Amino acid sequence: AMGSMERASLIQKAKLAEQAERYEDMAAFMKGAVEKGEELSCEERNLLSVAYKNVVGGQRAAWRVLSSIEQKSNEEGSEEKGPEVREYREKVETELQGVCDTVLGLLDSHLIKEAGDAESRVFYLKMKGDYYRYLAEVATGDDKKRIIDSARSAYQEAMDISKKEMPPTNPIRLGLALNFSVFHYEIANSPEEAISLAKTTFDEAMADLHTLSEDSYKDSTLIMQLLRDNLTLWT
């Protein structure tokens, strides 16, 4: 995609789109950058993630609104409104699944296989778990189980690498554990696994904070607060 635009121009315009809060444009620019075939820098990986996180975030929010309306329409004492709510929820759902498939396609072709460093490989595998998790949020058919296992497998590989290759305060390691814990709680019906992972992650990060500079300390403690927020909600 965007095959006639220079890679550097795509990256520059992705940054401009973020400033203009044009996240669909941002995602299209970063998709074009990925398809140039070169590996992505730390900054460029962040741009890719931010763009699609915003796009799919809007779709998930819309899907939840429409799914809530649909479920109210299918209640005892309901006045038939027609197929419109279901049809429109299906439209948004199909568009969401398309975005997730696009991201998963980028990771599979060929971001993950060329990612050899821990920071890049864990980053992409965390993304893979995330976008399978988003697919799981809307899945109801004969593949909801397979989608959930695909998310778990990606998260698990990322966790194994991060525990071997990263310090316990590494922001990517912390964010991976945070999202994997959300997967356990919200998707896999394993709230005890979710709580245990968040607690162990928080405690081991705390014990490693003494090694950090003032700036890295702020990076890690911010994500630790998110783990604490979830623990407060779950316990």
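Rigid core: the largest C-alpha set superposing within 1.5 Å between the two forms. Note that residue numbering follows the sequence shown and begins at 1.
Taking the root mean square of CA deviations in 9 other deposited structures of this protein after fitting on the rigid core, 205 to 213 and 35 to 43 differ, and the farther of the two is 205 to 213.
Between stretches 7 to 15 and 217 to 225, greater average Cα displacement in 9 other deposited structures of this protein relative to the shown form, fitted by the core, falls on 217 to 225.
For the cut-off of one third of the other compared entries, residue 81 qualifies: that many or more give it no coordinates while modelling its flanks. Higher mean CA temperature factor between 204 to 212 and 174 to 182: 204 to 212, per the PDB entry. Annotation for 136 to 144 versus 154 to 162: the higher mean temperature factor (C-alpha) is found in 136 to 144.
You'll see in the entry that, of 120, 94, 73, 102, the Cα B factor peaks at 73. Residues shown: 196, 189, 41, 169. Highest C-alpha temperature factor in the entry: 189. Split the chain's modelled residues into thirds by C-alpha temperature factor. Residue 126 is in the lowest one. The deposited CA B-factor of residue 49 belongs to the middle third of values across its chain. Ranked against the other modelled residues of its chain, the C-alpha B-factor of residue 5 as given in the entry falls in the lowest third. Sorting the modelled residues of the chain by their CA temperature factor places residue 222 in the highest third.
Among the modelled residues of the chain, residue 57 sits in the highest third by CA temperature factor in this PDB entry.
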